[PDB]
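Student: Okay, here's the structure, questions in a sec.
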Amino acid sequence: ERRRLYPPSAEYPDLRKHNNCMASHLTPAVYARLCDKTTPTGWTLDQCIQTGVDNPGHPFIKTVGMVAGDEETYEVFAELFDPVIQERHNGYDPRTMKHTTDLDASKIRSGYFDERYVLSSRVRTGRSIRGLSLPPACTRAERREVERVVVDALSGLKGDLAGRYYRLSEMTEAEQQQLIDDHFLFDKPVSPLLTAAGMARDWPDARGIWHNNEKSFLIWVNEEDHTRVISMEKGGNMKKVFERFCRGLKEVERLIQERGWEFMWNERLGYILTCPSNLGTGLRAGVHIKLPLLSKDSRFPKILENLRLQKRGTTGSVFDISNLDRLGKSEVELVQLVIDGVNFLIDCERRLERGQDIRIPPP
Amino acid sequence: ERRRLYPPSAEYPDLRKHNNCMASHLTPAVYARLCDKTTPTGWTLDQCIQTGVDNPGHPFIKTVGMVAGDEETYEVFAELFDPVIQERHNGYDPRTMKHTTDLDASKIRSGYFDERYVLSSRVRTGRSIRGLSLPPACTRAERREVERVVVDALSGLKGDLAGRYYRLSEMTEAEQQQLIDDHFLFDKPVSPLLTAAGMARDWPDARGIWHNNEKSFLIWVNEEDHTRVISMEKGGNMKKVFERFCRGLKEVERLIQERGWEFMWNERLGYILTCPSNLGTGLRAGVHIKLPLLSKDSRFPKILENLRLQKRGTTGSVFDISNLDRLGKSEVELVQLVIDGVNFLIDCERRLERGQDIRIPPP
Amino acid sequence: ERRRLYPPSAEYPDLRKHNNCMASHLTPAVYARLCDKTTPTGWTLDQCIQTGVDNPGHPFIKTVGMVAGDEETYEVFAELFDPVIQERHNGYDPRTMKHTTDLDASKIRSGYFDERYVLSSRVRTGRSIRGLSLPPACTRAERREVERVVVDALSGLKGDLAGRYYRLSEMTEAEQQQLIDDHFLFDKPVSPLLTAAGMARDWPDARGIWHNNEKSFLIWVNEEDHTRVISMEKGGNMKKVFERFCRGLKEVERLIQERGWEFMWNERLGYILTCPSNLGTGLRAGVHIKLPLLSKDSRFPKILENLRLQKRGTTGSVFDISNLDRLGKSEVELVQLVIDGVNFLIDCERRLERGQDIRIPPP
Amino acid sequence: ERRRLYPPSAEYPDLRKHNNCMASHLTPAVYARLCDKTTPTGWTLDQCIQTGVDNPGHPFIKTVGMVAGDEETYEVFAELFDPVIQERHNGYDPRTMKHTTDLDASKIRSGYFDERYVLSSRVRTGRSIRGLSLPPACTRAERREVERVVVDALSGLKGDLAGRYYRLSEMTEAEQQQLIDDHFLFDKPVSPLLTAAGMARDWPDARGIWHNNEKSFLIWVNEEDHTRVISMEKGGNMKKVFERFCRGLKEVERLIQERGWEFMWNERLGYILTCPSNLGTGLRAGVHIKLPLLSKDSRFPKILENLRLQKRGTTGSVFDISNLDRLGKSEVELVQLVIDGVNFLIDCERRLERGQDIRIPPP
Amino acid sequence: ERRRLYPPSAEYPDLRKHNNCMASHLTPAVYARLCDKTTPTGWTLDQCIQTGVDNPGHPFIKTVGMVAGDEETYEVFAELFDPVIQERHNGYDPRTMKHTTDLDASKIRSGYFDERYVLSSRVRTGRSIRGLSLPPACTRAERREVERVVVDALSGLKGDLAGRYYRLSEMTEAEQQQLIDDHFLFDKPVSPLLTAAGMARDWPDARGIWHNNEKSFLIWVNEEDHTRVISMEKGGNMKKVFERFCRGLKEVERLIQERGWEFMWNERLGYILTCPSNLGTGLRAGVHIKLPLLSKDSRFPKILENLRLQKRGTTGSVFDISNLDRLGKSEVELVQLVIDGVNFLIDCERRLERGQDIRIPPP
């Protein structure tokens, strides 16, 4: 018409007191360029950066501040998304570098941990369906559809990979309590970032938990991403949980492809997930390890950072140790790196108990 | 094209375990009719009912579960909004009945309260600018624009109605602390209903507080609605706060009309506000009254309900008493009703202290 | 799209210190309603009121402050234009009242003035072509087209109504000087209202003067309106100039209709002209009269206003006296009114010279 | 449809008696090509060349005759705009040559003038906001928005760069008179070129003057361009005014970028301004110098032209001397050139007072 | 866009020296109204009136000057077409009056003519297919389609109504010569009106002649209208030719309706034909009568006009006499009127041969 739209800079957010990657990498020129662009489904830049805008963040804990709604979001708004990935994934370049996926689990070697040192071992990743929007942008119908696809695929599961599916909509109090006792049930998201991103709409509609009979295979349906798969065990046996995880993943992929649905996947980004931090693989191979003597030493965080491992709470000297680079390295490579780090910390703790000096690994 | 959209019932929310007015008055036929409709600005039915869907509500505390984004929202989605107004406003009919606005304040009579019984008196309402979207749907540019209009209008304020404007974006810690000490500053919304409605996006951008020099006139800018105006005093003098409130309101209205902006207003709904519960007038004429003997009696809530008054916390026998019908009665009529109720409770407390029997007013 | 337009009140002009009819009759509601509307040709409300906005006006001299670009302008923007016509034409109502046109000139009676009292007599009106835009909105091609139509029509003029056409584009200095000596040439508009209205664009392209051989018929082509026709004579013989004017007008109308073009004309407005002040007829039947004794008396302006006559400069006691109501009365009725006023002033001056008392006519 | 548009040559203006660069470089082929093209905002070629068409110009004083409304105007209508820039900027080629901007002010050397010779020194340029239309095409809302952005940016100014902002809309008579006495206030544009270009619409709405406390920093808001910045002092100290100018410019740029707005800027054109004559830098570094003996000599204009300096009125042998090439050379390079010319004229005047012969500098 | 279309009066034809009904009933207002309108198929007003424009006509022989291209042409351009029908059909009013069709042929009574007086008798009308455009606007594909439909319908003809179909495209010279000898073949149209109307495009493509075995039934395919049907005989037996004509017409109509095609027909206009003169019925019941004594008398044309009969060449005192009102009267009524006129002329000639005086019938 003849009326004038608001200038692109008139919609520019106030990012003076923000400390997330979105605010750091957002410039007036990029916002002006990407204000008009829109994904085929309907996701806009403002909806992409709403989580970063509403949450200023805090120093010493830097977040991404961005979410995605579709596969096209990483392409329509690629100009802003690429530097965020660059800074979040230690310099990984989506412009030219190509991600490699290796989920065979036939390359895992050794990696058996001491039972006293390691109490539990987990392998966790996420997946999303290609034809349906991401949790920030998915409507109620699409959230029902992803649940239906996952339930239909997981119904045809046999062998040790056998279990049931519980819907939070009609979850009874007794089974809810037993799931809480098993530390498998997920609550309504309360983090301000998730709520601002729109990952808690329509709760608990279309949200479900798929539980294996052996209590080793866990599936969360559209709580933070379309599917969150976990293979866990009480002990230090990473090879068995890794092979169970890969068998379940390939079985689910084959079943959904047989039904006609396909996982989100791109050559340059890997497995597409809603949060740009979890990209490529989404793997967090964690370990609940108790190393009091090593935790006493102040050089322990530096040594952990040298091998690209991070520590988090479960404290009683028991911590969860997980890898860093979700994107840019193969899944089996990530598993090998995390088991190597765990073994290095195990022998360091053995030396500390014996009093032997520990050599710092190269960064 | 040739592809099929998701059926309107496929997007229908799961309202089996919801206890808000939105879920009560939502039917598959209405959702099917209003799924395609959209306000000129862009507000959809799903965005209208998202707050109700995400918040199931609780029995004995019934909420509306709906919000509006534009003036057209009450007209584009009128079919669903009308029964909600009907049930929320004690049977007020927006189909045929017309709201009457009387902000002259020249009809207030008597209504002077005892200083010992009443500690404070407040008159509070809300206003919104016609050309800009409501807080649930307003973008950053529109939230800046409403703030600019209000600040420009309130700059030209003289007499006793003189004060300053503090932006939460650059509010210093000392003045923030003094505002907290004055119980005037508003925090970031934490209620799940407000957050789900989208009333807490972009915080604290474009949010401000306008404070009178005499500490009697308070303006909140786009915290829950475009403008929240309060005239308060420490005592039981309702006529002075009412006249100050009306003078400020008419001065602001004249100033914005001089600048070219106009308040949202419809004949059938009154003053348009984002929440359908606050409609017509948005008045909450409150009183901080301490009636221990009356509070001891169990018939006190029934007596309060007879005169259409409600009690809320500030306890120490001190309660805030406010009117009920925001829409369907004139502003001066609401003030007269609330002062009549306060005087009735005052004489009831006097009788109780003297031991005299109290006659229950008709409902 | 998803971006937000500027609110209609954001474009509202600052009319605090304006004293034209446009500012007086412009309200935020009307501007909001008519901001989106646009004539088929392309004329907007802002272009209609630009002349009023740029020119604040002065007290004691009130202007219209509005212009039109097309015939649809009086219909597309009728809501704002109607009150302006109401106030400008002494209460004429375009909503219901219908204008009557009578250009026969067979009803003129008496109206012969004294040669000593009256030095000159003029009959002047304006016309516009239906298929072409008004001077404020007409482009260069349309301004060429109106000139071509008028020149082709006036070429086929015979009898006493015979003359030539001079284009200001190639007007030579000698004929320009002789036209100035004849007080017929028009200069480039310098009034701020006309320049702001856009009536001086592309000068002197497509502007011309058609001059009769007898120096009695004058045509101005698109200087302020499409055609400005004048029939003038040195004396007090109104019937001859009126009949010459009507003969020329009907001859030109018949010729243009023969060629295929038609004058702008509406039942409720009469002859459409660019300025809303000149509507219905556009007649200014003027007289250069010298009445020193009457001009000395201070009641002369009131007496002139009683008969609906106005005085203007040509002073030496010589003034131009013209009618007031362009719209709402028939052309012959306007001529009768002006000749009646002139005769009344003539007999008043005769009485003053003889010393006789003069009776004030009813208002 | 089936109806025929007016041919592009039917709209071609009559430029036979025009002597501006627009008429010189306008050809029927270019007009035919660019008649249909339109900037995203709505600026057409006819609106670009209206100023040239309405003003034929005069020999010995050649004007540009063109204006721009948007940043896209220099790209949508680049075919016509490029030769105008070529002829106006001494052969600068926007097709291939790239403009270089250097506003550091750390390269200025020497350039201190005698106090008796030089009475005042000024550094003046213009800036425009990227997201808002140029003054010829900007609507009322955009003119308000540019003023709001500039006022908000200049509010956060400290140090010696501290001052107030006066709006001409509510400028009181006393401060208006004192601004006139300071020769800082700007009047309503009366030049026919500016009025025809549309640079005087809506006066004095959204027009303001920002005045430093030290009376050295002057900002004009949307009088001829979005911002007109001046740093002036009474004396011959060019380095201090240059450093103050650059500090103010970079502070304002940083503040607007912090708020989210960005200055208009292109690699091939430099800083975008409405008039094509003022491009690249818009710098007019002037000096009020009194050289009677040099002014007596008839070779003085040639000597001034040799160094690319021009003379203008303030006469009493006092003239304002300013550079020529706004575009094609760096800002610091322009300052160095103008100070070199002033020093050359100073030593020439010293020689003339001493009677020494003066050597003519190379052209 | 922003460019201006040619005004509707700029396309107005020069009808000063035209004497057809189209020019008589065309006014600038009607042309302006109907310039934009267009039939669903694509027929415009200019194409409707091209035949009238190109052919000025001649006094004493007045033509219609209009053609139609579709059934919607009589409705889209009804405002201009209606007065033409009014004047052509002796005051028939298509606005309100409804045409009645009676093709039963069971109401014909008497009407047997003398063999010596009458040499031949013909009944001729035209028909058009509803789904295909009229000859002025029909393309090559539609002209092929009408021929295919007519040929397929007429193939299934038995009894005395049996014959062949000859295509002019491959008509051999011998059969062409024999058709010429039978005076049945039609040549390429040479009348300027038909050529200007577009009724001679693509000749002789899709043009054909269907000839009965008994040489009594003649069909012309898209020569001037879609179908031209004739039933002729050598003698004065009108009842037999009328019944043969009606039997053939109803058989063809039933056959085309069986195949799925339907004749053009409207309640207010009757059978739709391309030329507005031939409307309602298109009947021209002619008779080749030789009345020398009556032809000698000068009152014969007036007497013929009294009964609504017209005379035309075949002279040798032999003339073709036919009815006038194609539209407004029933087909059987037209046949009765023409046979009554022929019988009246027969008895008048008998009286003239016997010398008896003849009484003039009422007009």
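The chain as shown is numbered from 1 upward.
Heads up, header says this was done by electron microscopy, 3.3 Å.
Backbone N, Cα and C define each Cβ position, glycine as well.
Found this in Swiss-Prot, in case it helps:
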type	residues	note
DOMAIN	D:4-90	domain 'Phosphagen kinase N-terminal'
MOD_RES	D:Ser110	phosphoserine
MOD_RES	D:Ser155	phosphoserine
MOD_RES	D:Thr172	phosphothreonine
MOD_RES	D:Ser191	phosphoserine
MOD_RES	D:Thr314	phosphothreonine
MOD_RES	D:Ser317	phosphoserine
Student: I'm trying to understand the geometry here, so how far is the Cα atom of D:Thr172 (phosphothreonine) from the Cα atom of D:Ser317 (phosphoserine), in Å to the nearest whole number?
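Tutor: Between the alpha carbons of D:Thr172 (phosphothreonine) and D:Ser317 (phosphoserine) there are 36 Å.
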Student: Looking at the modified residues D:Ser110, D:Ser191, D:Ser317, which ones have a CB within reach of chain A, meaning under 8 Å Cβ to CB?
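Tutor: Going by the Cβ criterion (under 8 Å to chain A), the modified residues yield none at all.
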Student: When the Cα of D:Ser191 (phosphoserine) is compared with the Cα of each of the modified residues D:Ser155, D:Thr314, D:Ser317, which one is closest?
Tutor: D:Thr314
Student: Sort the residues of the domain 'Phosphagen kinase N-terminal' (D:4-90) into helix, strand and coil with DSSP and give the three counts.
Tutor: 42 helix, 3 strand, 42 coil
Student: Could you state the CA-to-CA distance between D:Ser110 (phosphoserine) and D:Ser317 (phosphoserine) to the nearest Å?
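Tutor: Cα to Cα, D:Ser110 (phosphoserine) and D:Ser317 (phosphoserine) are separated by 26 Å.
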Student: I'm trying to understand the geometry here, so how far is the Cα atom of D:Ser155 (phosphoserine) from the Cα atom of D:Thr314 (phosphothreonine), in Å to the nearest whole number?
Tutor: 32
Student: Which whole-number value in Å describes the distance between the Cα atoms of D:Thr314 (phosphothreonine) and D:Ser317 (phosphoserine)?
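Tutor: Cα of D:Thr314 (phosphothreonine) to Cα of D:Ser317 (phosphoserine) measures 10 Å after rounding.
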Student: Under 8 Å Cβ-Cβ from D:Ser317 (phosphoserine), six or more apart in the same chain: what's there?
Tutor: D:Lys290, D:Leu291, D:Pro292, D:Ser295
Student: Pick out which of the modified residues D:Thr172, D:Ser191 has the most other Cβ atoms within 10 Å of its own Cβ.
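Tutor: The residue with the most neighbouring Cβ atoms within 10 Å is D:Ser191.
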